[PDB]
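Letters A, B, ... are given to chains in the order of the sequence lines, protein chains preceding strands, and every chain is numbered from 1.
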Amino acid sequence: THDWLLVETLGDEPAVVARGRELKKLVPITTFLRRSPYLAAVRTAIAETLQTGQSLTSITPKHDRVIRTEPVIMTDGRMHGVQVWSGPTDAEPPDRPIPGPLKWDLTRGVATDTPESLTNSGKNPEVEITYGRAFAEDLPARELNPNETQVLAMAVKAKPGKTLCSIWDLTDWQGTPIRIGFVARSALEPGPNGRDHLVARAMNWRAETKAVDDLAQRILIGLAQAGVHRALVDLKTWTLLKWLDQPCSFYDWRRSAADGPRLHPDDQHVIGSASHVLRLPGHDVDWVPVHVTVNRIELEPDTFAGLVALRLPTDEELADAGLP
Amino acid sequence: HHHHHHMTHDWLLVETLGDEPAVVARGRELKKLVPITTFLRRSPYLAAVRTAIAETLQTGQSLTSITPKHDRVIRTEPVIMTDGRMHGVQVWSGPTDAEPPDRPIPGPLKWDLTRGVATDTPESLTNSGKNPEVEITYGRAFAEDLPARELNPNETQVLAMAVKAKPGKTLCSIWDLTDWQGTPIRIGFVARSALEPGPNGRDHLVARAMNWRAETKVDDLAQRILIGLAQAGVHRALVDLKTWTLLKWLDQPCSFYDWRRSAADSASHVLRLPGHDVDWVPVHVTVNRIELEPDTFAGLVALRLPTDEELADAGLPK
């Protein structure tokens, strides 16, 4: 019981998601600490941390114990969780695993990370942008993880209430295999025009090193094609969700994730497979013609996403599209 | 005085193709080829069960041994392939006052990996939900035995065995299938590859197996994507690239040519494949290489009718 407990506090009852770095499945603190004499006091420490937004040091003289709490606060000021440690008074707590708050605005189709969430996921914070991120910048390219279907489902057909806890395999920027835990929860939050946004709020952390059978993934990899870049997209909004191959440099998908037109307004009407040439935002010019091939993927019953294959259009293809 | 049931009470299915008889089912519950001397360690009747299995293997016959002095009944049933080879023995034992439960019926089958041809039994077909009045037991393509579209654990290893056969490998698993009428079922199976005499002086590589209907009881993004890539009129399959043997259907099988044909009897092209009513039929084929294991490849083929233009392009007459 000497470890730091990571508690997600966006539900009705605070719920444990990490003991040290080991994942726990959103276990309500009263269940996780059912047989604990410090349960009542722990609940109070967390409750006050939510109130004050402050790191607290609480003492219970009766049991000669101290409770220490660390808020996990997103850069919009929102409390995503609280990290808690208890034990004897003059005892020194263990090194604290750094939790990384992030959020996905599903209405905007845009992610906001933190230096902490980026570092945990093994990216180089000195060279990373925290805001205006495409969802496909937070998900790995090509590699698949447990319950990734539910993440994508969470994103395309937004319904509040849905929560997810998982451990994922990643590779950091130095090439090293790593693992992360995370918790994520979707909810409706008030937006600018009196219209509510659907937003998924999350925390990750670097997990312990512990590291397969996937015929479909081997087949999918075999379908890769030079010059062609596959991705999952939100059909309704053209929000980019995930790269299945490496990202394409044909167009500026990163800048246009949060800023400007996602496609040419004249091609808006254009958006069994379907194929067409679409003008997407350029790096140096306004518009770049890209040949797009689209299939509907069913993630959950009545929940669909777009499988898009992107490549440069031929001179011939440009002509048929009515483009010079 | 109900005497104690034995550890064999649910019937043990014992695979007998290795060095020592090894348990692969207790009732319908899968066991991972556990040596009978491990599985029944400390059973007073272990020696008698081993003897019963040996006697069944030798006689090829069902056996019932009743020994009042040990208050013991032992029952064995052979699991014999239609070529006379024993794949396993099912054994029950108990005190004289016990009654054996219903015996789960095992289905022996074999894959000749050298030929690319499977031989099933009505038992193995029935267990895996096929219709034995319409299925032919002999001369089967491996794609008639693997489920269409549905994927299962370690199926990658089964496919690797077909394309790059090796002896001395075993696989024990529980698979989820649907029978030919749409009803979900589960099966267990054990399989073991080995070298056997061949007809023309050279060994064949043969995998011998038994299945059984398992007790009724997924996370796969790639599978969902693969399914979304299905196209009307297009039928996808995995093939052995070396021999063009059909290994597995990823969509429902197609009718416009005789894919079941044995040799007895990204890249694209119109290929002539065996016909039903005629000798050859033109088929448009798109092929991708799939890596199943390191240095172990199969082909993914997309099969569809060719267009008149594609026919002319291929220099093929109508």
Side-chain angles (χ1 to χ4, degrees), chain A residues 139-140 142-156 164 166-168 213-228 230-233 235 241-245 272-275 293-301 303-309 311, chain B residues 146-163 171 173-175 218-234 236-239 241 247-251 266-268 286-302 304:
Chain A
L139 298 175
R142 168 68 56 93
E143 314 290 325
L144 306 180
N145 268 293
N147 289 104
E148 188 154 9
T149 301
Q150 267 57 57
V151 171
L152 300 165
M154 181 175 291
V156 286
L164 179 54
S166 189
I167 298 286
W168 279 18
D213 182 45
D214 197 342
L215 176 57
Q217 171 70 338
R218 290 172 173 278
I219 295 172
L220 224 55
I221 287 179
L223 284 166
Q225 174 91 33
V228 182
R230 294 171 298 174
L232 297 171
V233 312
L235 288 173
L241 306 173
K242 184 183 178 82
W243 290 106
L244 295 179
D245 306 310
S273 63
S275 197
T293 297
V294 198
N295 288 264
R296 185 175 75 186
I297 311 308
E298 188 180 342
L299 300 175
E300 296 173 354
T303 309
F304 310 98
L307 168 66
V308 174
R311 67 169 170 71
Chain B
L146 294 184
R149 178 156 295 176
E150 293 182 273
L151 303 181
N152 271 292
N154 297 122
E155 182 159 15
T156 298
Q157 284 58 59
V158 173
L159 293 163
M161 170 67 59
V163 297
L171 175 56
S173 199
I174 298 289
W175 278 16
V218 68
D219 185 42
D220 201 337
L221 174 56
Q223 191 169 349
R224 290 173 178 275
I225 294 164
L226 213 50
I227 288 166
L229 277 164
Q231 202 95 259
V234 175
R236 294 167 298 168
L238 300 174
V239 307
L241 288 163
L247 308 173
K248 188 185 170 76
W249 286 104
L250 299 179
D251 303 311
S266 165
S268 187
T286 309
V287 194
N288 285 270
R289 199 172 81 187
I290 310 303
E291 186 169 332
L292 300 166
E293 294 177 347
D295 199 41
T296 305
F297 306 93
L300 168 72
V301 302
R304 65 164 168 83

Inset, instruction - Please flag which part of B:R289 lies under 4.5 Å from any non-hydrogen atom of chain A: side chain, backbone, both or neither. - result: backbone
What are the two closest non-hydrogen atoms of [X] and [Y], and how far apart are they?
X	Y	result
B:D220	A:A216	OD1-CB, 4.0 Å
A:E298	B:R224	O-NH1, 3.1 Å
A:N145	B:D219	O-OD2, 4.4 Å

Inset, instruction - Check for a donor-acceptor pair, side chain of B:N288 on one end and backbone N or O of A:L223 on the other, with a separation under 3.5 Å. - result: no
Legend entry - Side-chain touch A:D214/B:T156, heavy atoms, less than 4.5 angstrom: no
Inset, instruction - Give the intermediate values and the outcome of side chain to side chain contact (heavy atoms under 4.5 Å, CB included) for residues A:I297 and B:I227. - result: CA-CA 8 Å; A:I297 311 308; B:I227 288 166; over 6 Å; no
Inset, instruction - Measure A:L307 against the heavy atoms of chain B and call it side chain, backbone, both or neither at under 4.5 Å. - result: side chain
Inset, instruction - First locate atom CG of B:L221, then atom NZ of A:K242, and finally report the distance between them rounded to the nearest 0.5 Å. - result: 7.0 Å
Legend entry - Rounded distance [0.5 Å steps], CD in B:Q223 versus CG in A:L220: 11.0 Å
